[PDB]
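Going by the order they are written in, the chains are A, B, C, D, E, F, G, H, I, J, K, L, M and N; count residues from 1 in each one.
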Amino acid sequence: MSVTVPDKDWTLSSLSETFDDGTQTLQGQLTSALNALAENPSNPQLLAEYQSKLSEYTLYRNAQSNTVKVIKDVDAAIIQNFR
Amino acid sequence: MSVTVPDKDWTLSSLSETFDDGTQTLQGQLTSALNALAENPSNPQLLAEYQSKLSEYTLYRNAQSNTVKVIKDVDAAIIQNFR
Amino acid sequence: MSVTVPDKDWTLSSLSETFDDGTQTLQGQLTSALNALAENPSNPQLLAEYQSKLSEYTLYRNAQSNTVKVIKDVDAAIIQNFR
Amino acid sequence: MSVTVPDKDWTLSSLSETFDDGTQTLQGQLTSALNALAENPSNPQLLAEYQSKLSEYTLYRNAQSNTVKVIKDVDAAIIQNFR
Amino acid sequence: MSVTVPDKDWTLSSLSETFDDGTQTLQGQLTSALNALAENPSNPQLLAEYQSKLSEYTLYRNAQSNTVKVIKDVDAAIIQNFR
Amino acid sequence: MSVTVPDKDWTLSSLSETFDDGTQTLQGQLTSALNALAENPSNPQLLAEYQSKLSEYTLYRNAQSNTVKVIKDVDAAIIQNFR
Amino acid sequence: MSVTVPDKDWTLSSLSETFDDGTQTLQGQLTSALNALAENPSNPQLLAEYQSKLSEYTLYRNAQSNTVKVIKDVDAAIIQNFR
Amino acid sequence: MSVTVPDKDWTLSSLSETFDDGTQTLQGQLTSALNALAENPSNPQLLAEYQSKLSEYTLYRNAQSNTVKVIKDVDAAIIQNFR
Amino acid sequence: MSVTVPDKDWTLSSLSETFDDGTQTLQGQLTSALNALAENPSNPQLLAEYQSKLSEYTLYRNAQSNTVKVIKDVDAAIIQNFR
Amino acid sequence: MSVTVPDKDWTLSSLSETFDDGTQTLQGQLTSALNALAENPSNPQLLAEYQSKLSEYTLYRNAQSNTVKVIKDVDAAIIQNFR
Amino acid sequence: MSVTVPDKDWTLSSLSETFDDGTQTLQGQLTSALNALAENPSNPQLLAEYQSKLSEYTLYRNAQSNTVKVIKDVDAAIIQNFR
Amino acid sequence: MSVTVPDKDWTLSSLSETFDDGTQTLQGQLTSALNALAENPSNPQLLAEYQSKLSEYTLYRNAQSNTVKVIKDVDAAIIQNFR
Amino acid sequence: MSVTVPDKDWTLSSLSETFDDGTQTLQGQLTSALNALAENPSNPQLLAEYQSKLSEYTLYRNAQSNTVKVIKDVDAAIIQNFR
Amino acid sequence: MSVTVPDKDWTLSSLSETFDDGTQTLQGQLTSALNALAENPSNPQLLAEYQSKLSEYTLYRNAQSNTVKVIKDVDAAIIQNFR
């Protein structure tokens, strides 16, 4: 998916929304797997799927918050250089 | 069972309550099997049911406390990245 | 949004009001996210939204006070050159 | 819960009080769970509840002191720009 | 047992004393069971009671030192954020 | 609190006294928190309150001495223009 | 690429445009890598490419705004010396 | 313990002496616990007390040197503003 | 054994020497037990004494090097705060 | 300590001598602390005392040279006004 | 060891020489411990002594270069105030 | 083996070469023991010698790379303090 | 393989491409071993080859991303020193 | 190597060339070690040599750019004093 020159379409919210909306479905699957295990804890497959999606979820938030942190630094650097 | 977008309904307590309430009945069965064995230790079936539920109980707490640990890491990671 | 020739509509207060009023809503969201976390500290999404808006708020004040500082220099420079 | 335009109701103490009072009850629960374990260390549920609230407490102080630190930076930045 | 708002009655020593004094009696029982086994090693009940209390003692120290470690982290985190 | 036309009630000492007397109570609280920590260093709340008031104290002196510096410039500017 | 004697072709905008246009393509790649990760967060290569380009982007803005800052100083220095 | 208006009784040495003298006794206890362990390394209680006081000692010096650092900044800020 | 105010008698070497000299005798016993087993490997008592002292020796070095590590942190923290 | 009407006892040397002689003892303490650290670098207290006095020494010279600078301005201003 | 009024015997080289010569012997011990480990890497005591002296060496250079940095600031501050 | 004042003979390469050359022979013995086991896997002595030297080799690289890391920190610290 | 003076041929992309292209073949082997195990999980040799290449792959990415991180630091350090 | 009175042979380019040419060979070794690891990532020695030279390279650029920065300050200081 091509992105219009970021120069003009640099929006921090949009970047976060990408990380959110693109994982919202996967978050539902994670919590669905939880409910599945609640019914049947003794399913190795559900345990694997749940724990995988759970570990992935951790990575999902890591990438999200890290990206935002970087953008903050960029914005602040500009302000400081023109401070 | 579908879950409302976790983004908004991320509650650690709720996650634990799932592990608790969904097993409370099974915990009663475990301790009931204990009482059954107290009356008749010499029932292989009761021994199997008790020991199975007991082993399952171990797994029940493992999944519970592990999930919570992961969520802790996620929360802390966010705070640190915005620290 | 086009601005009438600043030459005549150079008002320092107006410049600040832009930074204020345009963020007032976002400041409400920030403090609202605080209240949300007060109810549920264990929501990664709310933590991300709060901390993001909080970091943004920092940037909001940085841009505001910096702009004003610059305008001060401009005004003083004129007075000095015609002092 | 809606907040009156923070511009006028920016109070650092109030922000801290939010983190304090909103957790005071939870802190009581934590230390209550400690007392519960003092009576019965061998209750997995109490161990989970105690350790969860304890881990949460850590997060409670992290969010509190971090928020305050940020506000300090904001205040100082303004003073410096008008120094 | 209700605890006065910990905010003001956060004392690390007190927390440890809870773990100590509340187990001191149980530690006496453990070492008493040792003496009992010294007289009669061939008592399964005394072996069970001794080994149980011994295993419990291990857990007693685990919970104690772990709690203290956590509190250390909390204190240090505050100092660092205001460092 | 309304102020009588500063034109006539421009007093540098008064300006400083505002910064002093209005914080004297808070300075007592700061040094009181120090004494509190001297008794119990292991109270996160006291650490937060102390370090907060300490950081605030820094800001208290910053605003004070900065205001005075500005007034000096104003007075000198007048003298120079009529020198 | 040789540049016509800068003496005559010193244009601040042109300098910035160099930093912009020469990275616009790379910015597209960065945001494209984001979209790629949105589809597949679990690709180490995409993570490396994204994070690399992201870190590079930070450097891209650093060099840009720094260069401009320097030129500002040069222009101001001339004006002051002939002020 | 109430403190006479710090304005007049701001003494950096006194602040340090508070951190020192108030912990000197505790430092003796720490090194005493060391000697206790030297005689009996195999006492969990002495290990806990020693390591606790040792960790506390670390915090004792952290709070001390941090406070002094802050005061330095305050003093320097005043001098600079009246430099 | 009482220790003169550590403030003045804080010596890292001395701390290590405590761990060393106080165990040197015990280290001799350990290596003596080794020689005893070399003559008679089939003595359960010597095996217990050797393995106990060996396990203790491990703990002896753990406590030693850990204490030193902590002191390093303390020294460095001071230097950094006054760096 | 009361001072005879400065009008007649305005001596720049005397002002400097105040800053010198009043700190000479403290300078000896600083360099003495250096020698103390030369013997025992691993004493946190000596590190704190040395670094504190060292930081103070910096402030000692700052106040000294600043005062003198101001007096220079005063003297020159008089000469210029009667030039 | 008493030092002649530093006012007259302020020499930066001398300060460094203190840090150097007073540690030169200890540096020899460090590199000697290295050679000792080269012969016998499997000596815990030599590992402790080496690593301790190595960590100390780090602190030795930290204190040295830090002191010099401070003195630089002092010298420059004087020159600037009389610039 | 005595070392010439390290001050002048501080060479990182030399330090590494010590760890290398002093173990090269031992590395040959390790890989020789491998070849010995390749001929006779069923020799407990060769298994002990191989596995011992292998474990030692691990320690050999640990000490090597750790020492170098420390020296890096020292060099960087100096540069930063004079940066 | 000799490299042309890096001074002129310092390209971060090229460095990464080295880590990529030089392992691409090995990555194919890894995923090929996976397919081999999919057909025959019960082949110890394939398990060893797969798990070895998998562990190696981990190391492959570690070296790659680490190198890039270092180069980032170098670039940023230059910009900051000339900022 | 003796240097002709720098007074006359102060050339910034020459200073940089020293840092460059004197490391160019070492840079080749670094990138050569990279190629060596590309062939054999599993050589601890090559990993040590590469990572060492890489860390050294970082230090090489740090010393280079820092020296130049200082010289800039010197040149500018002269111009300003005669401005």
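Definition applied: contacts are C-beta pairs under 8 Å (C-beta built on N, C-alpha and C of every residue); 3 or more make two chains touch, one makes a residue touch a chain.
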| item | value |
| --- | --- |
| Those chains which touch chain K and also touch chain H | I, J |
| Reference interface M-N: repeating pair among B-C, A-G or G-M with over half of contacts shared | A-G |
| More contacts between chains, G-M or B-C | B-C |
| Rounded Å distance, chain D centre to chain K centre (Cα mean) | 43 |
| Whole-Å gap separating chain L and chain N, where each centre is the average of the chain's CA atoms | 28 |
| Length of the line joining the C-alpha centres of chain I and chain J, rounded to whole Å | 48 |
| Rounded Å distance between chain F and chain J, as computed from the means of their C-alpha atoms | 25 |
| Residue list for chain F, restricted to those that touch at least two other chains | 41-42, 44-45, 47-48, 51-52, 54-55, 62, 66 |
| Touching residues (chain side chain K, partner chain J) in the complex | 1-3, 5-7, 15, 18-19, 22-23, 56, 59-60, 63, 67, 70, 73-74, 77-78, 81-82 |
| Contact footprint of chain D on chain C as seen in their complex | 20, 24, 27-28, 30-32, 34-35, 37-39, 41-42, 47, 54-55, 57-58, 61-62, 65-66, 68-69 |
| Chain F residues touching chain E - in the complex, by the definition given at the top | 40-48, 51-52, 54-55 |
| Interfacial residue positions of chain H with respect to chain E in the complex | 44-45, 48, 51-52, 55-56, 59, 62-63, 66 |
| Interfacial residue positions of chain I with respect to chain K in the complex | 12, 16, 20, 61, 64-65, 68, 72, 75-76, 79, 82-83 |
